[PDB]
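So the structure is just underneath, and the comments pick up after that.
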2 protein chains.
Amino acid sequence: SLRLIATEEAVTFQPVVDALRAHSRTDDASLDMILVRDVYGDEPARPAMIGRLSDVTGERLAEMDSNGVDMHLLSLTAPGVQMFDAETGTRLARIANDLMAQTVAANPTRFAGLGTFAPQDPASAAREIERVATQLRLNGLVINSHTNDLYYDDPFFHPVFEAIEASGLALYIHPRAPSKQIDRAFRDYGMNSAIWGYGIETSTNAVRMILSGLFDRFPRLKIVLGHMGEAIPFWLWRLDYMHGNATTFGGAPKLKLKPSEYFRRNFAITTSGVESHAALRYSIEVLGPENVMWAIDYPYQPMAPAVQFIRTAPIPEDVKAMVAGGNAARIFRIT
Amino acid sequence: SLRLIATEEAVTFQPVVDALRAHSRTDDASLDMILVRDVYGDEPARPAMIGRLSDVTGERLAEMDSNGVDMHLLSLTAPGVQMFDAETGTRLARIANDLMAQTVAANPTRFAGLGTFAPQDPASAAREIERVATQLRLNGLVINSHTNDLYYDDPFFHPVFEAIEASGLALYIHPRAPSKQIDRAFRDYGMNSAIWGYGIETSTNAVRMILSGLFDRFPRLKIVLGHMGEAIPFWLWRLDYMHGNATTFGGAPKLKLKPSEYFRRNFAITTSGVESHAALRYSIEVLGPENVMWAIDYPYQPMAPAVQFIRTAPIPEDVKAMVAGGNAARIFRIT
Ligand SMILES: COc1cc(C(=O)O)cc(C(=O)O)c1
Ligand SMILES: COc1cc(C(=O)O)cc(C(=O)O)c1
Ligand SMILES: [Mn+2]
Ligand SMILES: [Mn+2]
């Protein structure tokens with residue numbers, strides 16, 4: 001009877017798959033090409049993945065039922081539509097969002113959905129964000145860290161965040177591989193991926209957002225970070241302590257709040273890929289129990305262990321209910 | 001009467017200062033030049049820092065006395081001698097280590113010392129490490145993350161680690177600014193420094209060391225990381241979980257232990273710059289109480305708050321004693 005709403009659950013659609021299959025044959029130097037060739041390539045190292053990402057009502061729903069999971073909140077899998085040229089990305093975002101709405105509508109008690117967009121073209125992405133919010137009535141938004149090797153402090157993306165803030169939709173900033181600004185250090189030992197690169201790429205993006213003052217410009221933004229907040233909850237004291245030096249000697253702009261206060265006000269986190277009771281308890285302690293959500297990270301992680309992690313969490317039942325689904329129901333407006 | 005041994009306490013000596021003053025005028029593109037110009041430059045934004053780093057027996061000792069701090073474990077301040085050419089770095093490491101040994105000998109109940117080296121020349125560095133251990137009999141070693149924009153998984157540095165392992169001295173890997181591999185993303189909002197770049201640079205170095213299998217080659221190495229382990233303690237579950245993918249699809253070498261097992265076996269951490277009781281408790285829980293040490297990070301942080309942080313830590317008195325000084329006395333050979 002614990003209501004479980006999993007918040008970082010990947011899906012894909014045939015038009016996006018086809019575009020990535022084509023993209024896999026190009027000489028794109030993005031570090032995401034490792035993943036793209038592994039999953040979408042002509043000789044894939046991970047040949048079952050397209051099928052598992054594409055499936056919603058077969059194995060996925062069967063696994064949900066066997067583990068007592070009420071819902072998946074679906075998101076177009078990284079790297080979404082962000083690797084394509086602007087026209088292509090804009091077209092495919094629309095298509096993927098329409099298909100997400102269609103998927104959710106077939107089983108709305110079991111699936112909710114996040115829309116995505118192509119920030120390669122900020123003006124067009126702003127229009128699509130508005131369409132996602134008001135015409136499709138999806139539950140929120142998802143984007144995969146950097147676009148065009150730029151981070152979201154860049155004023156280039158202001159029209160995107162203006163539209164997101166106005167829409168009231170939370171934005172899940174999911175990882176992708178380290179951008180070209182930092183990828184040189186992530187070429188070895190599989191560090192391009194979830195084992196290290198994903199967290200460094202995504203957390204650096206979010207820290208730039210905070211320190212740049214994005215949340216003074218757009219104070220009603222809600223951002224969600226998976227992987228126990230990409231470790232930002234662990235760094236809060238030092239982010240705050242060193243901020244004086246940053247604005248005094250480092251040219252950082254003066255902010256209305258402390259870095260950690262933006263993190264608690266404007267961000268929430270999920271437990272995707274971090275099935276640690278100690279890290280969960282730490283995060284609840286420093287963020288508050290309203291700011292932590294459960295996730296599986298299916299199909300990149302299996303459902304049973306993630307479910308058992310939350311069902312056995314050494315926290316009171318009321319807090320467990322918040323983490324398991326209550327918070328997600330609030331943040332992603334799930335009835 | 002808690003015995004307090006602070007383990008990340010920076011010092012400098014005139015010959016190194018003079019060399020950095022000269023270096024500040026060069027066209028070196030290293031991100032450390034920001035700090036170097038701010039402290040050692042002809043028109044320094046932080047003019048009092050050289051005096052504070054240079055002082056051992058004046059203000060530093062008075063502050064130790066007024067706060068009841070037993071000892072500082074001294075280290076040549078970042079970037080140490082690593083920015084110089086090999087000949088210069090090698091020469092200056094010898095001098096700086098002799099001066100460190102003399103500083104310690106002058107007040108051995110109040111100061112312990114870490115020797116440094118210039119890994120620009122691994123053969124010469126290996127010889128200096130041996131001298132530090134056997135002739136100077138210093139308490140350990142210190143190096144500031146990368147050298148020549150390479151990380152310590154590189155076989156280029158094997159003679160260094162062979163020598164460190166044989167010496168039995170622990171190596172404190174202190175931060176410096178992000179290397180050229182990653183520095184593009186750390187040029188804004190003061191992120192070059194302790195607020196973010198230091199942690200990403202140093203943790204990525206350490207993660208490369210672990211995933212490369214360095215600790216299978218040299219299983220007796222002891223490495224110390226400040227700033228609450230540069231957040232690696234927070235990432236342990238995910239580092240372990242994703243390791244199968246890394247070795248299966250990512251070309252990472254198979255290891256004898258799990259990544260988190262190398263971290264507990266071969267690393268210890270300090271609390272420098274992270275005066276959070278929650279983060280301290282988390283670290284003691286996941287690493288064990290023997291693996292956590294207290295530090296101040298003087299003169300970049302003030303002593304009083306660091307001292308009051310540990311004196312008021314909500315942990316049992318025997319564990320507090322271990323963290324405050326007992327572990328340091330073991331790891332750094334202090335009577
Ligand atoms: C492309 O999307 C992915 C996402 C995750 C994640 O940690 O969120 C992991 C993988 C992966 O394991 O390769 C891939
Ligand atoms: C030159 O070495 C430094 C070290 C630290 C540290 O956090 O360990 C901070 C600063 C700084 O605040 O600029 C400088
Ligand atoms: Mn994911
Ligand atoms: Mn320091």
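When reading the values below, keep in mind they use all heavy atoms of this one structure, side chains included, and skip hydrogens, waters and symmetry mates. Labels below follow one simple rule: chain letters A, B, ... track the order of the sequence lines, proteins then strands, and each chain is numbered from 1. Atoms within each ligand, like the ligands themselves, are counted from 1 in listed order.
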With a 3.5 Å distance limit and no angle check, can you tell me whether [X] reaches the backbone of [Y] through a side-chain donor-acceptor pair?
X: A:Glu230; Y: A:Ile200; answer: no
X: B:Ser272; Y: B:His227; answer: yes
X: A:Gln82; Y: A:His146; answer: yes

Check: B:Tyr298 ring centre within less than 6.0 Å of B:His72 ring centre: yes
side-chain contact (heavy atoms from CB on, under 4.5 Å) between A:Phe267 and A:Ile232, worked out: CA-CA 10 Å; A:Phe267 290 73; A:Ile232 297 173; 5.7 Å; no
Protein-derived N, O or S atoms lying under 2.8 Å from the Mn ion (ligand 3), waters excluded: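 Total protein N/O/S atoms under 2.8 Å from the Mn ion (ligand 3): 3.
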Between ligand 2 and the protein, which N/O pairs are shorter than 3.5 Å?
{"unit_1": "ligand 2", "atom_1": "7 (O)", "unit_2": "A:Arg238", "atom_2": "NH1", "d": "3.4"}
{"unit_1": "ligand 2", "atom_1": "7 (O)", "unit_2": "A:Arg238", "atom_2": "NH2", "d": "2.9"}
{"unit_1": "ligand 2", "atom_1": "7 (O)", "unit_2": "B:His227", "atom_2": "NE2", "d": "3.3"}
{"unit_1": "ligand 2", "atom_1": "7 (O)", "unit_2": "B:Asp297", "atom_2": "OD2", "d": "3.3"}
{"unit_1": "ligand 2", "atom_1": "8 (O)", "unit_2": "B:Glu8", "atom_2": "OE2", "d": "3.1"}
{"unit_1": "ligand 2", "atom_1": "8 (O)", "unit_2": "B:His174", "atom_2": "NE2", "d": "3.3"}
{"unit_1": "ligand 2", "atom_1": "8 (O)", "unit_2": "B:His227", "atom_2": "NE2", "d": "3.1"}
{"unit_1": "ligand 2", "atom_1": "8 (O)", "unit_2": "B:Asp297", "atom_2": "OD1", "d": "3.2"}
{"unit_1": "ligand 2", "atom_1": "8 (O)", "unit_2": "B:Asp297", "atom_2": "OD2", "d": "2.9"}
{"unit_1": "ligand 2", "atom_1": "13 (O)", "unit_2": "B:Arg46", "atom_2": "NH1", "d": "2.9"}
{"unit_1": "ligand 2", "atom_1": "13 (O)", "unit_2": "B:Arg46", "atom_2": "NH2", "d": "3.4"}

Under-4.0 Å salt bridge between B:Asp183 and B:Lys180: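 B:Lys180 and B:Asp183: not salt-bridged.
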Pair B:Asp32 + B:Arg176, salt bridge at N-O below 4.0 Å: yes
side-chain contact (heavy atoms from CB on, under 4.5 Å) between B:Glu8 and B:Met293, worked out: CA-CA 10 Å; B:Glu8 199 186 299; B:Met293 293 175 280; over 6 Å; no
From CA spacing to verdict: salt bridge (charged side-chain N to carboxylate O under 4.0 Å, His left out), A:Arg52, A:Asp55: CA-CA 5 Å; A:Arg52 299 211 300 130; A:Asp55 162 69; over 6 Å; no
